[PDB]
Amino acid sequence: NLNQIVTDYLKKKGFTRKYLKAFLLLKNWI
Amino acid sequence: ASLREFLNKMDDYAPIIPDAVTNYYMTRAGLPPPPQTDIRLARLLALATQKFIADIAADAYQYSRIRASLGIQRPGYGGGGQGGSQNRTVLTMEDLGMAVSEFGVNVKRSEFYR
Amino acid sequence: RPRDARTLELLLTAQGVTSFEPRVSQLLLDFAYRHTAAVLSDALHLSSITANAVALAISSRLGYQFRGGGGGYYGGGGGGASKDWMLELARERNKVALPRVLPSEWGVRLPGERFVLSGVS
Amino acid sequence: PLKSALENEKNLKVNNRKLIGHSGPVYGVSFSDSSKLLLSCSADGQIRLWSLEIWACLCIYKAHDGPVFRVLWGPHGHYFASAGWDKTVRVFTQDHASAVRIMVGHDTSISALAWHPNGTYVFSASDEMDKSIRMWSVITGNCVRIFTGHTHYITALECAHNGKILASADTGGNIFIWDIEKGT
Amino acid sequence: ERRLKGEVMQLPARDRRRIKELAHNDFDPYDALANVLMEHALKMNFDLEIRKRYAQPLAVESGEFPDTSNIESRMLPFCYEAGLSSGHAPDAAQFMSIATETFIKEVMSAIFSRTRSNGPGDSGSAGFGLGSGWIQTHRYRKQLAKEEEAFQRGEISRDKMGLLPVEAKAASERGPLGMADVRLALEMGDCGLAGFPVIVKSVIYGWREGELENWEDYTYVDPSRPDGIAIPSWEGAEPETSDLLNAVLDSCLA
Amino acid sequence: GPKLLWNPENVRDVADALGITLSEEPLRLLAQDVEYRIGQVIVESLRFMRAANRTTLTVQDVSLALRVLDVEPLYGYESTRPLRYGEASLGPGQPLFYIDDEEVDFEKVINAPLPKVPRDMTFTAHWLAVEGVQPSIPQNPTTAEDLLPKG
Amino acid sequence: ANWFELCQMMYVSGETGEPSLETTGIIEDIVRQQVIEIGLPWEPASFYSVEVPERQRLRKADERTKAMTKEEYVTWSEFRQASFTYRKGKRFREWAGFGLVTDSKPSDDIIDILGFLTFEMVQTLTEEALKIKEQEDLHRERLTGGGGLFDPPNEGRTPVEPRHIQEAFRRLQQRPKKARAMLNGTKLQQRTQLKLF
Amino acid sequence: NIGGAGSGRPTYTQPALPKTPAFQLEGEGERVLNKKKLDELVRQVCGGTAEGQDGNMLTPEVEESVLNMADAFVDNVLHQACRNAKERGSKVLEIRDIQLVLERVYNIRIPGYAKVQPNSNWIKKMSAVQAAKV
Amino acid sequence: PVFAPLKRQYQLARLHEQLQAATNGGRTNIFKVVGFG
Amino acid sequence: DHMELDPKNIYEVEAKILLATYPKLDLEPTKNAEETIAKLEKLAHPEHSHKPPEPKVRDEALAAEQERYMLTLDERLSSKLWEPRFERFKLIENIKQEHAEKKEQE
Amino acid sequence: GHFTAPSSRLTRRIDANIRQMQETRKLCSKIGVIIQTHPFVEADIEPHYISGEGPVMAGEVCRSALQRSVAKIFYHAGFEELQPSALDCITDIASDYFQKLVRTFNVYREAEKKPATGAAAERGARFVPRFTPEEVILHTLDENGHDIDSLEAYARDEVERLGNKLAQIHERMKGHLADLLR
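Here's what I pulled together on the structure shown here.

**A few points about the overall build of chain I**
Each helix and strand counted, chain I has one helix and zero strands in total. Overall size of chain I, expressed as C-alpha extent along the three principal axes, is 45 × 20 × 15 Å. The 37 residues of chain I split such that 16% are buried. Total accessible area on chain I is roughly 2,900 Å²; 61% of this is exposed by carbon and sulfur atoms.

**So, the overall build of chain B**
What chain B contains, in helices and strands, is four helices and one strand. Along the chain direction, N to C, the helices and strands of chain B fall in the order α-α-α-β-α. Computed over its C-alpha atoms, the radius of gyration of chain B comes to 19 Å, more than 25% above the 13 Å expected for a compact globule of 114 residues. Within the span of chain B, comprising 114 residues, buried residues form 58% of the whole. A total of about 4,800 Å² of accessible surface is found on chain B, and carbon and sulfur atoms cover 43% of it. Considering chain B, the positive charge centre built from 13 side chains and the negative charge centre built from 11 side chains are found 6 Å apart.

**Observations regarding the arrangement of the chains**
A comparison of contact numbers over the 34 pairs of chains in contact places chains B and K at the top. With respect to C-alpha atoms, chain G approaches chain I no nearer than 17 Å, and the pair has no contact.

**A closer look at the interface of chain K and chain D**
Listed as interface residues are seven residues of chain K and, on the opposing side, nine residues of chain D. Regarding the contact of chain K and chain D, the summed buried area is about 460 Å², with carbon and sulfur atoms giving 44% of it. For the pair chain K and chain D, the number of links is zero salt bridges. Taken together, the residues of the side of chain K that touches chain D break down into one nonpolar, four polar and two charged.

**What to know about the interface of chain B and chain K**
With 55 residues of chain B at the interface, the matching set in chain K holds 54 residues. Here chain B and chain K share an interface that buries about 5,800 Å² over both sides, 75% of which is from carbon and sulfur atoms. Broken down residue by residue, the surface that chain B buries against chain K is led by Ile-16, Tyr-25 and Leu-91 of chain B, which jointly contribute 13%. Our count for the chain B to chain K interface comes out at three salt bridges.

**A short note on helix α1 (residues 10-21) of chain J**
For α1 of chain J, spanning 12 residues, the distance from its first C-alpha to its last is 16 Å, which sits close to the expected 16 Å at 1.5 Å a residue. Regarding α1 of chain J, the residues found buried are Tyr-11, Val-13, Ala-15, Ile-17 and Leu-18 of chain J. Here the buried face of α1 of chain J lies against α1 (2-12) of chain A together with β11 (133-137) and β12 (143-147) of chain D.

**So, the pattern of salt bridges**
Opposite charge on two side chains makes pairing possible when the charged atoms of those side chains draw close. Within the structure shown, the criterion is met by 75 salt bridges over all chains. Here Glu-152 of chain K ties to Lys-9 of chain B by a salt bridge, and the two come within 2.8 Å at their closest N and O atoms. Linking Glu-152 of chain K in helix α6 (residues 148-181) with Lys-9 of chain B in helix α1 (residues 3-9), this pair reaches from one chain into another. For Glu-152 of chain K, a relative accessible area of 10% corresponds to the buried category. In this structure, the salt-bridge partner of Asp-55 of chain B is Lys-178 of chain G, at a minimum N-O distance of 3.9 Å. Placement of the pair is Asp-55 of chain B in helix α3 (residues 39-67) and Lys-178 of chain G in the segment after α8 (162-172), with the two residues belonging to separate chains. With a relative accessible area of 25%, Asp-55 of chain B lands in the partly exposed category. Taking relative accessible area as the criterion, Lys-178 of chain G reaches 17% and is therefore assigned buried. Via salt bridges that share partners, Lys-105 and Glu-106 of chain E together with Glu-128, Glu-167, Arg-170 and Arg-171 of chain G belong to a single interconnected network.

**Thoughts on a nonpolar patch on the surface**
A surface patch of nonpolar side chains, about 550 Å² in accessible area, is lined by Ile-38, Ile-110, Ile-113, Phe-116, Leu-117 and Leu-196 of chain G. Looking at the secondary structure, you find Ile-113 of chain G in helix α7 (residues 108-141).

**As for the side chain of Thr-11 of chain K**
One can find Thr-11 of chain K in the segment before α1 (14-33). A polar contact is formed between the side chain of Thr-11 of chain K and the backbone oxygen of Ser-8 of chain K, at a distance of 3.5 Å.

**Description of the packing of helix α7 (residues 92-113) of chain E against α8 of chain G**
At their nearest, the axes of α7 of chain E and α8 of chain G sit 12 Å apart, and the two run at 40° to each other. The angle between α7 of chain E and α8 of chain G places the two elements in the oblique class. Every pair of crossing elements has a handedness; the one defined by α7 of chain E and α8 of chain G is right-handed. For the pair formed by α7 of chain E and α8 of chain G, the contact residues are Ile-98, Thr-102, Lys-105 and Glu-106 of chain E on the first element and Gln-166, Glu-167 and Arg-170 of chain G on the second. Split by residue class, the contact of α7 of chain E with α8 of chain G holds one nonpolar, two polar and four charged.

**Focus: the sheet that holds strand β13 (residues 154-159) of chain D**
All names here are of chain D. Pairing in this open sheet of three strands is antiparallel, and the strands run β13-β14-β15 from one edge to the other. Across the chains shown, the open sheet's two edge strands, defined by having one partner strand only, are β13 and β15 (175-179). On average, each strand axis in the sheet is inclined to that of its neighbour by 20°, with strand direction left out of account. Relative to strand β14 (residues 165-170), β13 runs antiparallel, the two sharing five bridges. Within β14, the residue paired with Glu-158 across the bridge is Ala-167.

**Focus on the sheet that holds strand β7 (residues 89-93) of chain D**
Residues and elements named next belong to chain D. The strand order across the open sheet formed by four strands is β5-β6-β7-β8, and the pairing between neighbours is antiparallel. The outermost strands of the open sheet, each flanked by one partner alone, are β5 (68-73) and β8 (101-103). Strand-to-strand twist of the sheet, defined as the mean angle between neighbouring strand axes without regard to direction, takes the value 20°. Where β5 lies against strand β6 (residues 79-84), five bridges are found, and the strand directions are antiparallel.

**So, the nonpolar core**
Looking at soluble globular proteins, one finds that nonpolar side chains tend to be buried together. In this structure, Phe-6 of chain B, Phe-106 of chain F together with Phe-74 of chain K are the most contacted members of the largest nonpolar core, which totals 88 residues. When neighbours within four sequence positions are excluded, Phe-6 of chain B is seen to be in contact with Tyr-13, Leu-44 and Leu-47 of chain B together with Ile-148 and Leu-151 of chain K.

**Considerations on the packing of aromatic side chains**
The description of two aromatic rings rests on the distance between their centres and on the angle between their planes. According to the stated counting rule, one finds 38 aromatic pairs over all chains in the structure shown. Following the ring pairs from residue to residue traces out a cluster consisting of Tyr-61 of chain B, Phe-47 of chain G together with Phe-74 and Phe-79 of chain K. One cation-aromatic arrangement involves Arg-93 of chain C over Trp-207 of chain E; the distance from NZ or CZ to the ring centre is 4.4 Å. A cation sits over an aromatic face here: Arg-87 of chain G above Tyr-86 of chain G, 4.8 Å from the ring centre.

**What about the side chain of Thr-36 of chain C?**
For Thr-36 of chain C, the location among the structural elements is in helix α2 (residues 24-46). Here the side chain of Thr-36 of chain C touches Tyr-33 of chain C through a polar contact of 2.5 Å, landing on its backbone oxygen. For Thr-36 of chain C, the residues in contact, after removing those within four places along its chain, are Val-14 and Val-34 of chain F.

**Quick notes on the pairing of β7 of chain D**
One face of the sheet, then the other: side chains in a regular strand alternate in exactly this way. All names here are of chain D. β7 sits mainly inside the fold: five of its five residues count as buried. Side chains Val-89, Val-91 and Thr-93 project from β7 onto one buried face, and the interleaved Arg-90 and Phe-92 project onto a second face that is buried too. Relative to β7, β6 runs antiparallel, the two being bridged by five bridges. Within β7, the residue paired with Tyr-79 across the bridge is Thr-93. In textbook terms, the turn of a hairpin is the stretch between consecutive antiparallel strands, and for β6 and β7 this stretch comprises four residues, one of which, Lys-87, has a positive phi near 55°. Summarising the sheet, β7 and β8 pair through three bridges and their orientation is antiparallel. Across the sheet, the residue bridging to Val-91 is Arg-101, located in β8.

**Digging into the packing of α2 of chain C against helix α2 (residues 24-50) of chain F**
Relative to each other, α2 of chain C and α2 of chain F sit at 135°, their axes nearing to 10 Å. One finds that α2 of chain C runs oblique with respect to α2 of chain F. When you trace α2 of chain C past α2 of chain F, the crossing you get is right-handed. The segment α2 of chain C lies against α2 of chain F, with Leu-28, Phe-31, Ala-32, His-35, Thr-36, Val-39 and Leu-40 of chain C engaging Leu-30, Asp-33, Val-34, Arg-37, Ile-38 and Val-41 of chain F. Classifying every residue of the contact of α2 of chain C with α2 of chain F gives nine nonpolar, two polar and two charged.

**Re the environment of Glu-28 of chain G**
Within the secondary structure, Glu-28 of chain G is located in helix α2 (residues 21-37). Not counting residues within four places of it along the chain, the set of residues in contact with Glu-28 of chain G comprises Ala-1, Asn-2, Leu-6 and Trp-95 of chain G.

About the criteria used
- Residues numbered from 1 in each chain as written, not as in the entry; some residues may be left out.
- Chains lettered and ligands numbered in written order.
- Part of a larger assembly, values for the part shown.
- Heavy atoms only, no water.
- Helix = DSSP H or I, 4+ residues; strand = E, 2+ residues; numbered from the N terminus.
- Buried < 20%, exposed > 50% of the residue type's maximum accessible area, 1.4 Å probe, protein only.
- Areas by Shrake-Rupley, 256 points an atom, 1.4 Å probe, with all protein chains shown as cover.
- Rg over C-alpha atoms; globule rule 2.2 N^0.38 Å.
- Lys, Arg positive; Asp, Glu negative; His and termini not counted.
- Charge placed at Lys NZ, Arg CZ, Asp CG, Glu CD.
- Contact = heavy atoms within 4.5 Å.
- Buried area = accessible area lost by both parts, 1.4 Å probe.
- Salt bridge = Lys/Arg side-chain N within 4 Å of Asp/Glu carboxyl O.
- Nonpolar A, V, L, I, M, F, W, Y, C, P; charged D, E, K, R; others polar.
- Expected span 1.5 Å × (residues − 1).
- Patch = residues over 30% accessible without salt bridge, like charges linked within 9 Å, V, L, I, M, F, W, Y side chains within 5 Å.
- Polar contact = N/O pair within 3.5 Å; in protein donor to acceptor, adjacent residues only side chain to side chain.
- Axes fitted to C-alpha atoms, helices over the stretch in contact; angles between N-to-C directions.
- Parallel < 35°, antiparallel > 145°, perpendicular 65-115°, else oblique.
- Left-handed = near helix turned anticlockwise from the far one by under 90°.
- Pairing = 2+ DSSP bridges.
- Core = buried A, V, L, I, M, F, W, Y, C linked by side-chain atoms within 4.5 Å.
- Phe/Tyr/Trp six-rings, centres within 6.5 Å; stacked < 30°, edge-to-face > 60°.
- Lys NZ or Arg CZ within 6 Å of the ring centre and 35° of its normal.

This is a description of form; function is not addressed.
Written out as structure tokens, the structure reads:
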């Protein structure tokens, strides 16, 4: 079972439990 | 001989290979066509190819002639028909294989596939 | 249609290929013939020839070609390099910091003058 | 008609052009983030950076050994990644002539690529015995996820725009949907 | 699908039986990988002389080109491994050394021919004689012909090594062989390294020559330029004692 | 040993061509090795074919597969002429096949007419579906000839 | 065998010293290997079914000839007749293994051709080895007062060594690039047969 | 000195006439000749070097590659040759095996150290095929 | 086969031999710890 | 079963281990180059922020000669002009222990 | 004329040699009787239009033209009959050689630059190309077994010499036939 192997390995490793932009935008919207 | 004079005189050394073939294979190998690449260079490369092929053909003919006058063709070069017509020299596979084996190529085949 | 030529066709068909090109099976047959001839000549020169001679000839041949195939875990495919050596190289390369870039150069820079195609006309 | 920045070609009338210079079959192309740059990879083992303003090559990258099958710009257009025959993925930046990161861990050839929409993770897939997907970290170059379950050749990959979904397809007609965070 | 039946049945029955026999194969346990994984993870004691192979340093470790002594030292462990109890012939070390020298000379000659030009002439005592030489440019060829003609009249004399002034002048410019030349020469052919993939891969995967030094030299994209390129012209806690520990370790390693 | 798809009789024929006599064990070993090599070549060729978004195995793919494996190239297999197989008969139940090949004169070859030049590459456009419905125009396929669940 | 013919041929070609026995053995091995390894039909006239009837070496040689004495001239002329197969048919055929590799007793024209070829090989080998040795000495260049009773007058001249012969042989075996032009861009090992220099 | 106990041990302990060891009174020494060997080879194959310069013909990164080449070549050749020799029933290594390996795998020929025909079945098959062809 | 540089193999062999010597064939554990440091 | 882990499950085991090790990842899309640059700068790692390496680089004589001359024909000391391991002693101890243990039975 | 051999001094004298060989063969056949052929004509293609400006990419037509040229050269080498497989093999080899040559040219033309020295460094330039346009072409020819002199000789002398020899042989054949008839 994979779970048992994973648990064993994990235990063995000690795993504890600025304004120009707005201007251009406004012009493009206008 | 000089590169400059040879390139200038290239007008008198145009090979027999058409321009379409040269453009096709130059583009396949990664070189644009003559309009962007001096036509002299394309002609020079085609001339080199022609020289190589001519040398191979000469070697093949030399190999063929000696064989003309035990008496069994070498294994591995299956190819041919009835044997041609008249006493004409025929470009068979054995001569071509023996000739090109000098250039590093190998053209062995099988005769009876079973 | 010779034999083994109707069998290679079926083998390829049974693996997805929905089309073909005549003279492909001919190419495969000729390749098999040439490989057999080369291996047999090498074995004959090595040593009646035993199985040890054939094994030695194949082992010697494998030294400089056929370094591919679909090998999986620790199978010498895709070049034949060992995974540990590649991990060492990756560790060495993945140590340096990523290059620093500024928004004014994000998309317009290029490598040094020595590694560019400048003036090749 | 297409336009060229070279004065000698002022107002030339053509609507299709050619880019020559590869010496083998071409397997990938990626338009940049209009677009002014293009990438391409072929079977000779080279990656080329073209220009869509003068229509000529600018650089060549020679970090591969064997065919290159895929290439991809980044989501924003400064980084690109390439994978090929030698079972390794590399991440380049156009400012440098060498790979800045090398990513080992696959067991067979690569057959797909993708980028995370935030431009710091990369996906890849392999064929043959090892049909698994992986997710690398651009900062460290270490895998952080593996997805298994495919049984056929994987042909495509795609990452959702929100950034929490991944879709992959194979030659059996199956499409999978993966949860990146939970790997399920 | 209909034509599939006909295609299948076109074969003889014996071939069909041979094909159908495949189902009895015992699949792919690939247990042969066990030895590979293990490797990667009265009487004479033949195992005490094989272990001596690692005692002698390699050529790269020391910097000495292998000679008869090193090869002689290396021979015996291989023989004992393969089962040759008797040993090796007395005069094998010299043969092996000569073969190694010839191989290295051939490889180096292959690399040099594809990246150098204007080599020493063939007047006498120099050049390549009956071997394969380098190319010659027009101007250098003209000057060499003129100098060779002149030297017959006694006007000019050779240098200490037998090179005429033009040849010595040309040889002055050439610099040492680098890695760019090796990389370029490996694109043309194999250079005799068809059996050493590790060397070629190491060459390919290394840094580009002259990149670490010029790590911050860049160009820019600018279509106005001719080519689109614009060239710019607890005890002892580590977080506090780390420096001292590093210094002592550096002194220890030396 | 295992079961071999390659018939050892071909190995026997090749050995006979070289004047060599083989026992059963070396014959089996050689046949198995040749089978493995053919498998490797097929794997590489299919890899190259799939890399180009196709389901049609051509000769260029096999040539590339041979190139990556460091094998000597095979020349002359691109010819556009048809492939015709002859049929000899060694004896009852042992037919043999050969490649039909008839000699020709250089006149007939050099004087032949060139094939037709295919037109240039071009592209067009049309509407495959509008709001989920396929218009019945000439470009779209006819309704006469798998596109709807029925569970 | 043939040691003395080798010595005479070396003397003719510019080796006035006294080469040791190893040089002779190596040269004999090379020549034996080459020999064992070993208008016109293909001329333009052969294109038709029926035929119809018709109708720096020199400079050095001259300098040496001008720069030798009468006794040296006599010795040089006498050595010039040295041959491998001049009135030695049986000995050469035994030393060439004719029977084991071909039908025995060919014509004597073949023997004359073989002698000519062998003379040419020895000439070329000596001429190249001399240059190699001279270059080695020239690069290398850049304590007993009183005197004895058997001391040489001036010495200074030494013969060639086996290593020089080996280097010359390696130099002679190289082929033109036209035999490799078909392996460009690939990693294929080149393999060929012995080159008949 | 045979026996394997070792020589030169200053402890408590013979043939009639033992062989003298090897010694050199004064000279360059092997530590210099071995290092100069590579530059000598480069000079040999480079064509020649002008006065006032020598030695620095290979950059530091290429000498390491050359040395690795040499070591790998030696190891591979010896490993192949020993097995090849043991194959044919021999119990000692002779120059013939090394020469065979070098000739047939590397195209190297070192001087101065000392066929195939078809059988009847192939001829019969060729005759049958040719007869069927006509 | 699988390929890798010679240097790595030689260094690994030397290290393994030295460790086998030091640990006396695995009969002695030189990595044990007594106390709490 | 025999072996503690058959190869075919290696990929699944590694996937689960990696899932356990890295439970949380950054999966927030950006919108322009500046955001990506900022994210790259923020996430830098101490262990992967080094610098590129540096290019690889390459009167008493009479006394030394006298010493070398005086050390002529010395079998062992000449070569040197030493890492003891006590292998023979350990072999002797092992064999003695084996012999004593065997004698225990008899 | 795109798919036909150019016009120059080399294709001429080659057509001439082939025609002279055919005529002499006819005379020899007449002598033997005491058979007939027709001149080689290179075909062409119907008018073709191409968008933009680029090479005409058609594999079959180009391969057939190359095969025609190879057959012409092989016949000029003194052949009368052939086998299809041999022609296919030589055609494939020729195409591969062409591609190798062009790839070598491109490999040399775009190599990594080198540091400048001497007057180049004095002017301030740092890097200069490591192969000048002359050396690029010289290396391209050398790596494939060629030289300027060999190509010049092949283009200028061999064809002329063969033509002269063929003319002499034809004159001798005519004289012999006339004398035999008398």
